[PDB]
Amino acid sequence: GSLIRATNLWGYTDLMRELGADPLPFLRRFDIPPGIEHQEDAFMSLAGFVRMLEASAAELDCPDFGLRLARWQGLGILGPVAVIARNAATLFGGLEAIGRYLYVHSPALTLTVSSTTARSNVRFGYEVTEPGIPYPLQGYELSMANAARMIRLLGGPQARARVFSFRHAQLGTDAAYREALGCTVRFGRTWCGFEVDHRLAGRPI
Ligand SMILES: O=C(CCC(F)(F)F)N1CCC(c2ccc(F)cc2)CC1
């Protein structure tokens, strides 16, 4: 089964404490080694991680767990891939490099970057594909909240996607998604990701 860089766990101990919960029983349940959060270049089970997110959200009545966890994460979780992204010429170049090398983060993640004459914007379409996992709802929300942070870092603190799209129906509060994503959010769609206009895409880093 696929690994993911264990930077994707940054904040889990802190958030779990914020919610009044002991993280250690969760880590052991999902076969995640307890210190791995803080071990650079370590990798963890992607299946374990996504199931742990779902259990943390469900058992703690925290529907926006994934969105909240992104507050401790952002571009730095991409480790070597962040170094490549920051050295691109334009925000597009940065995000497309992330897409090209996203397998370095986890082989289970696919980013499709496309634009078409027939439609507005550059679309960043994102998929988690891992045999045997439940639909990684919290995983997708964490991914997109991270993406929004990455847009602001690479694109300047005013930079926003035009839209975020999720396959699932809205779970958390309106306020939760607005705070994390900071734009139109569409739910229950055929694709997951975000779009950026060409003006922002071509902005120098
Ligand atoms: O937070 C995660 C993964 C969380 C997990 F594993 F649960 F899915 N990720 C951070 C954001 C990243 C990304 C970067 C640029 C894009 F345009 C789209 C996505 C995917 C991995």
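Start at 1 with the first residue, then count along the sequence. No hydrogens, no waters, no symmetry mates; every other heavy atom, side chains included, goes into these values. Ligands are counted one by one from 1 in listed order, and the atoms in each one are counted from 1 as well.
In this structure, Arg71 does not pair ionically with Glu179, as no charged nitrogen and carboxylate oxygen lie closer than 4.0 Å.
Taking every non-hydrogen atom of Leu46 and a distance limit under 4.0 Å, the qualifying atoms of ligand 1 come out as 6 (F). For ligand 1, the atoms lying closer than 4.0 Å to a non-hydrogen atom of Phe194 are 16 (C), 17 (F).
Considering only non-hydrogen protein atoms, atom 4 (C) of ligand 1 sits nearest to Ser143 OG, 3.2 Å. The protein heavy atom nearest to atom 7 (F) of ligand 1 is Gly139 CA, 3.2 Å. The protein heavy-atom contact nearest to atom 9 (N) of ligand 1 is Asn8 OD1, 3.7 Å. Here the protein heavy atom with the shortest distance to atom 20 (C) of ligand 1 is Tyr126 OH, 3.5 Å. When hydrogens are left out, the protein atom nearest atom 15 (C) of ligand 1 is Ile98 CG2, 3.8 Å; that is the closest non-hydrogen contact. Distance from atom 13 (C) of ligand 1 to its nearest protein heavy atom, with residue and atom name: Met150 SD, 4.4 Å.
Annotation: cation-pi pair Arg5/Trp10 absent, no NZ/CZ under 6.0 Å from the ring centroid and within 45° of its normal.
The option from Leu154, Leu111, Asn146 that lies nearest to atom 10 (C) of ligand 1, judged by heavy atoms, is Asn146. Closest to atom 6 (F) of ligand 1 by heavy atom, among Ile4, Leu109, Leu75, is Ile4.
When only interatomic distances are considered, the shortest N/O to N/O separation between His105 and ligand 1 does not fall below 3.5 Å.
Both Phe187 and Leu142 are part of a single hydrophobic cluster, where members link through side-chain heavy atoms under 4.5 Å apart.
For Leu78, no heavy-atom contact with ligand 1 is shorter than 4.0 Å.
Here the closest heavy-atom approach between residue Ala180 and residue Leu67 is recorded as CB-CD2, 4.0 Å.
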Is there a side chain to side chain donor-acceptor pair (under 3.5 Å) between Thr110 and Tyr126 once you walk through the steps? CA-CA 6 Å; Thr110 300; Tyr126 178 67; over 6 Å; no
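For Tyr135 and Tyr140, the distance between ring centers is under 6.0 angstrom. Aromatic ring centres of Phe65 and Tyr12 lie closer together than 6.0 Å.
Atoms CZ and CZ, on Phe194 and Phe166 in that order, are 11.0 Å from each other to the nearest 0.5 Å. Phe43 contributes atom CZ, which lies 10.5 Å from atom CG of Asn8 (distance to the nearest 0.5 angstrom).
The closest approach between any non-hydrogen atom of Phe49 and ligand 1 is below 4.0 Å.
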